[PDB]
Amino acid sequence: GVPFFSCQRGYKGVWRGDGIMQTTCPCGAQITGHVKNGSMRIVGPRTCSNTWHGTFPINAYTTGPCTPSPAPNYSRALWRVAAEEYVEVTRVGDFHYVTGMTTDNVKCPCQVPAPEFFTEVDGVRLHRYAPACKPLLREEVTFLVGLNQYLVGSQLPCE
């Protein structure tokens, strides 16, 4: 529980649903977000990086009726495809590639979902519950889409 250095990188952007969000940063700071017209006003202590940056750290201690609605313009995302398994997705233009996986031969859907179904987008967590991400395997591993296997680095087949 250390100020600034313990701090989770928080979300800043459009939210869906209006009302009050609350969370606790890993430093110990309680952060309040007031969401009105999709836009969040942050209230926090000056002991937390999130207060300075206008951001809201989403995690297992987040409460409130709203959810992030991120822009579809991300570079990388973490996508939870099984109970404790993740795939990393890299976007280039309108195309999406699996550039990493937590375990060899993860089964994933052939199409990326909308950005708010991602557990993380560019290092920012979007989901309240998320299991720990094991080390991402980025070489000589394969993912499954139905009955077809593809080497890491491969575009998702439904494009």
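The first residue of the shown sequence is 1; numbering continues from there.
Note on 50-58 vs 104-112: mean CA B-factor is higher in 104-112. Stretches 122-130 and 38-46 differ in mean C-alpha B factor, with the higher average recorded for 38-46. Residue-level temperature factors show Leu144 in the middle third of its chain, judged at the C-alpha atom. Among the modelled residues of its chain, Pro70 has a C-alpha B-factor that falls in the highest third, as given in the PDB entry. Ranked by C-alpha B-factor against the other modelled residues of its chain, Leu136 falls in the highest third.
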